[PDB]
Structures are given as structure tokens and as C-alpha cells.
Amino acid sequence: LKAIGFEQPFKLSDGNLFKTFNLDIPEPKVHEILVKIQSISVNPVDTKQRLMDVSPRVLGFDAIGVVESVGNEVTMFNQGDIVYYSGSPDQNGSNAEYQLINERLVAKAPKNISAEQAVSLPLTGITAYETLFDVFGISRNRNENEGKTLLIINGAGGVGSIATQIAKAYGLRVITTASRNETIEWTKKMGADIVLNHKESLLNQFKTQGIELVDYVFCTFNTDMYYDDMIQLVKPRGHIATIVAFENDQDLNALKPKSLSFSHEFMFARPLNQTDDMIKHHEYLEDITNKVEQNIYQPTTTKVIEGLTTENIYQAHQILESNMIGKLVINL
Amino acid sequence: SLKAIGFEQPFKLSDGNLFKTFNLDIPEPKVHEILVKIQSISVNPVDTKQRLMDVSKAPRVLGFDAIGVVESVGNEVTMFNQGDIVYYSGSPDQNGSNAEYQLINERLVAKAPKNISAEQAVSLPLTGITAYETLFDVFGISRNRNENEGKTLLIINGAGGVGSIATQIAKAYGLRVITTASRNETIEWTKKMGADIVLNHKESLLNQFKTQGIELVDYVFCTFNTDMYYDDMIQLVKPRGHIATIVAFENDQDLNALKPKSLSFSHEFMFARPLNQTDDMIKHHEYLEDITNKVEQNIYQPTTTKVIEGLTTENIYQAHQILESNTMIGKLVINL
Ligand SMILES: [Mg+2]
Ligand SMILES: [Mg+2]
Ligand SMILES: [Mg+2]
């Protein structure tokens, strides 16, 4: 099988240091299933994971494809199944013709949309579900979330786009931020109830528009810039979280006056730590599938590139690092 | 008129006993306020920190733990009658308990337990409300014992005021509690409070977990020197776990250290509810009432270990010195 990888970490200005590789096709460990890949997505993380040492390295943490084979302990899937998933950065990525993945991290993909559209959803969707249900602790019952408001700083990114949809489906009011006609229209398309401009004072906008302090705040870009804003905008005893690493250390005492909680969401904590509850990833992907088939969620692919090649993956990293509305996808 | 102990400007204890005795009018309670004739008070770390704040209008009167008898009530109070024996903590934005009388909103008060003395009961309001918020609000433990069984709390520095009562609460609600203590006095005391396992925070905590076969914990909170133990709390908590402090950091911290295990970090502040006049201020009443019920059932024990007799400037000063020394086990009380 073919794969795109690298031997050492690099910045793009170093040059295109992706190379092709020819590997075997293994058999699936007992709870593993083996997947022939149809399409993949590129995520901020691939650009971040490209900088780490190499213990080649093969990136890719979004995939959809057809189940080639499964292991003797598999009860969840069959050869033939069209499945999508994210996986984990300590196993070779989806940047390959074939890929091994544990069954508990996978779900059948929706069939009422194209493969290239459905593959916009696994990494971003799992991340958003973990943020809403595990971190913030919203109810699976829509009525129990009545009166709750979520603020998403940067609604137009991959996680922002799907989290908006999920939060709406589960009964929340969703406020997002977007600062140009293109990102404003997109977040509105995703279901935002109120759109604010993150390049101008947010608290001012809350005051102007009569917006009360929010239950939960979720930052998806430049958290250093918005740490104090998140604290100002959340209600006492509320909860703020990020999915973007900070560039600098912060004052945790700033959380004291309102007795706040701060969470750093990382969707790979479950697989990386082989947690008892890795199955939640399957459960979240399955809910996504159901809601896509119901037309409650819509996919978020806006750019498609054809061919899993070193020139392509490099271009995709150039694009991700420019900081995209919705998702970038590559078809094999 | 009423005697109150207070001060005109923030000061260090090295500046001497600048507490002063004031003669003040006895207030009348507003609609939902009660007027309490104070019997006993406790002195807490927060007293010593608040003694460093600018005084907006003189004098500043501290004191954030009280028990006494209801003298009167505002005209829509329904939760209490004249004569009721009640206890509470209150809030730093109003005159505190270092006085013969005090006003407090009814939603922040509960009747005290009847089976222990006033000097024992007053050890409980501030530490207990802080422990209930940490466990129920911050960590989100269940009111249902079964939902908590199989879970473990670690308390770093377990023998202080909040650590003492939290150990009891957590045990009552079904958790395993691991505490840390590093000298004979504190080890014995935390065991007496109910700790299942006691570890030494002067030695590698992770090495103690490995060698004793301790699984990573569900919840960690730190009651002293959080800068020193931040990285430890991250090491010892389970993936997607929750860590918290009730004391301020000296230094900024790397919040990316929370990322690998997708962790939550909370800074618990007991006064956030009254200071923001939150809609759910009644939780303070609710937690104080649960403490009273469990004391009367002999499930919780009071934590007073030192008593000073007399509300005087000398005694308040001596209490501040004792608290600043960070050597107290359990609680220090002053009887009026
Ligand atoms: Mg299932
Ligand atoms: Mg929670
Ligand atoms: Mg009641």
C-alpha cells in the first residue's frame, strides 16, 4: 500500500519534505478493523504534528472508506461497511491507501451525502461533542438545556462550524464571532443565533445588544488574545474552554473572582490513554450519522483536492497554516 | 450601640495591633435580612488576606464565620424567627462577624446543629460551604452515594480547615479520599477526619501512587502552595479529570499542561455567589442545612481545635498571627 509521510519535522519554508512510502497491508489486531481509504480531511493538527520528532511519520486524522477486513473479536462491523472516523496520532494516519483502526473509535458513515462531504465531520464532530457533553456537561435532553447560551469565539472554523450545529440541535442559544462578510454568512448558515465581531470589543457588543453573561465560552483560535474576554463574558461559576494551545503562560488567578472553570479540550486523550470509555467516539460519530441522515446536520467541506500525493499534502499544509472556512478534503 | 473590631487601613502584622474598637449603631434588617446577636466566630485564612485590601469606607470589619441568635428579621423573611440559633459565613462586601451583631441575607444562613456546642459548630460554615461548592459545583459529584462509589478524591495538604471538612463530606457521599500530610500532628488529624490513604507531599506523589498501586484519581484539589503542586495534580489525575485550587498562585502557569489529558482546572471561590448576587445564592443555605443534618446524625464532626475567649483587638490580632503562621490543624474560634 502507498503512504505519504516524512522522516523529520519541518517548516514549510524548509521546502516540500513529504515523501512517498510503500508499506505492506497488515492483518487487523483482534478488536481492529482494516479500512480501504476513500477520502481524508486535513486539520490544524496535521500542521502541528508535522513539527514533532519522528520516532516514516504518516499524518491524517479524518477518514472515510470501506471495511476490507475485521478481527475475531469484532462484533461492531463487517467487510463492506462504509465507515468514518478520526483515530489517533500515535498510529499511522489516514494519509495512506489502507489504514488500521480500533472498532470502538469508528461508526458507519451517513449515506445521504457524498464521501467527500461526510469526511468533513469525524475529527471536528467528536471534538465538538466532547466539548459540549463531556466538558461543559450539557444534557442529551434538549429541554434540559433551555435558557442556556454558548459563545463560540471564531464560529467559521472546522470545530466552530459543527459545534454550532450540535449546540442548536440540543437546545442551546448559540452566539458566534466572525469579522468578515464571508465568515459572517457561513456561521449564520451553520445556525448561529447572534453573530458578533471579535475584532471589536465583545463586552461592548453584549451591552449594546442586551446580551446577558453566557453559560459556556469556547475558543477556537488565538486563545491568548481572548483569555480575558472569555472571563469577562461568562456568568459567575461558568465554564470556559479552548481547543487551541496558548502561545504563553496565563494568570489562573483571573478565574478566581467568578469561581470559574477552564478546560483544555483534546479529543485524543481517550485513545492515547486507552480509556475504558473510548466507545464514546463511536457513539458520537453514530449520533452525527443519524442527524445527517435526518438533515439536522449538514457537512462542512468547502474545498476538495484530488490525489493523495506529496505535492497535494504539502499544498494542504500551506493552506491550513494560512489559517479556511469549514473543511479541506482530499480524494484518493 | 454595638462593639465592632475593625481597622482603618490595610496593614501587615509586623506594623503592630492596628485593630481598633468601634462603637456603632445597631442596624435594622432589610426585607430579606436577619439581625444576629453573635455568640462565637472563627478566624480563617481569608481574614488575613482581606486585612490587606484598601478600606473603602472606615472602618473595615472582618469575620466570615459566625453563630448566634436571631434578634430580629426583615419584613418578608420566612426562613427564620426571632430566637433561632443560626450559623453562616456571609460575604466580604458587608460588615463581617467581628462584632456583637451582624446583618445577613436569609438565603446565606441555616439553623445550627443542636447536639454540639456553639464554639464547635462555628468551625463549619466557611470551610463547609467551600467544600460543598468544590465537591458538588466544581467536581459535580452526585447527591446519590451509588453514583460516586468507585471514585476517588485526592486532597493535597489535607489537615487545613477546608481539607478537614471536605474529607468528611466526600466520605459521607461515597468517595474514597486520599489526603496528604507530612508531619505526625497532621497525619493523625486527617486520619481522624476519615482519610482512607495518607500520602506525604514532601516526597514524590507519583512514586507513592505507583508503589502503592493507586489508580489515577477522579478529582484533585490543592489547599496550599498550588504553584508547587500544579504539575503533580496533572500527573495524578485521570484522563479528562478535574483539578482545582482554593488558594491563589504566586506565578502564571502553563495552561497547555492541561492538554495531553484534556483536563479541567477550577479556581474555587466561595464568595463568588454572594458577591455577584447570583440567582442560586440559596445553595449556601442548602449546604449549611446539610451540614447541620449530618452533624445531628453524627456523620460529621466539628473541627475546632483552639479557642480564644473574648472579642478584643488583642485577640483578633493574635488570631491573625496564628493564621498567618499556616501551622493550624483544624479551626481557631473566638467566643464573644
Ligand atoms: Mg453501538
Ligand atoms: Mg462538570
Ligand atoms: Mg430550606
Side-chain angles (χ1 to χ4, degrees), chain A residues 45 48 89-90 126-127 130-131 133-137 147 212-213 215-216 219 223-224 227 230-231 234-278 280, chain B residues 46 49 92-93 129-130 133-134 136-140 150 215-216 219 221-222 226-227 230 233-234 237-281 283:
Chain A
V45 53
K48 298 318 212 196
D90 62 340
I126 295 164
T127 302
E130 283 196 330
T131 306
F133 296 102
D134 296 301
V135 175
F136 290 148
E212 298 196 314
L213 300 182
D215 301 76
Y216 318 114
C219 181
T223 323
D224 301 83
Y227 183 74
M230 280 193 281
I231 294 165
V234 76
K235 73 176 42 181
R237 306 200 66 84
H239 198 156
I240 69 188
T242 189
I243 50 165
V244 178
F246 282 94
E247 295 295 344
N248 293 279
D249 292 4
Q250 302 296 320
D251 187 2
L252 283 179
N253 292 334
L255 303 170
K256 175 163 167 177
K258 282 161 169 202
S259 191
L260 301 176
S261 295
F262 180 94
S263 291
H264 204 134
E265 160 64 19
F266 185 44
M267 66 147 291
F268 299 114
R270 282 172 166 131
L272 287 174
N273 291 274
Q274 295 297 318
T275 71
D276 302 7
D277 70 352
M278 265 163 60
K280 283 295 196 200
Chain B
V46 62
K49 304 300 190 200
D93 70 338
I129 287 167
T130 304
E133 285 196 338
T134 304
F136 296 98
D137 295 297
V138 172
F139 296 143
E215 290 179 18
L216 303 173
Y219 319 113
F221 78 99
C222 185
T226 311
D227 301 79
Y230 184 69
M233 287 194 276
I234 292 176
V237 76
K238 81 187 306 161
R240 306 202 61 87
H242 201 152
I243 70 175
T245 190
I246 59 163
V247 292
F249 285 94
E250 301 221 320
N251 309 309
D252 291 350
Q253 298 300 317
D254 179 9
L255 288 174
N256 300 330
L258 302 170
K259 184 176 169 171
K261 290 184 195 180
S262 192
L263 303 179
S264 300
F265 176 88
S266 298
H267 202 141
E268 159 51 25
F269 182 47
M270 193 229 93
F271 299 122
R273 281 187 165 118
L275 290 170
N276 288 278
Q277 303 162 359
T278 62
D279 294 333
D280 65 354
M281 276 169 47
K283 294 285 182 163

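Throughout, a chain's letter reflects where its sequence line sits, starting with A, and its residues are numbered from 1.
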### Message
Can you tell me which of A/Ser263, A/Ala254, A/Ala269, A/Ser259 forms the most heavy-atom pairs within a distance under 4.5 Å of chain B?
### Response
A/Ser259
### Query
Based on non-hydrogen pairs under 4.5 Å, which of A/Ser261, A/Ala241, A/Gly137 is most in contact with chain B?
A/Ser261
Which pair of heavy atoms, one from [X] and one from [Y], lies closest together, and at what distance?
X        : Y        : answer
B/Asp252 : A/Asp251 : OD1-CA, 3.4 Å
B/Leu258 : A/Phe262 : CD1-CD2, 4.1 Å
A/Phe266 : B/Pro260 : CD2-O, 3.5 Å

### Query
Between A/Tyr227 and chain B, which part of the residue has a heavy atom less than 4.5 Å away: side chain, backbone, both or neither?
side chain
## Note on the structure
Under 4.5 Å to a heavy atom of chain B? For A/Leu252 that would be both
### Task
Against chain A, label B/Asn276 side chain, backbone, both or neither, depending on which of its atoms sit under 4.5 Å from a heavy atom there.
side chain
### Summary
If you tally heavy-atom pairs under 4.5 Å between each of B/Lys259, B/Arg273, B/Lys261 and chain A, the highest tally belongs to B/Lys259
#### Entry: Heavy-atom pairs under 4.5 Å with chain A, option from B/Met270, B/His242, B/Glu268 with the top count
B/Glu268
#### Entry: Side chain to side chain, B/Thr278 and A/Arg237, heavy atoms closer than 4.5 Å
no
### Message
Counting neighbours of CG on A/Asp276 that are heavy atoms of other residues, nucleotides or ligands and sit closer than 6.0 Å, is the number greater than 12?
### Response
no
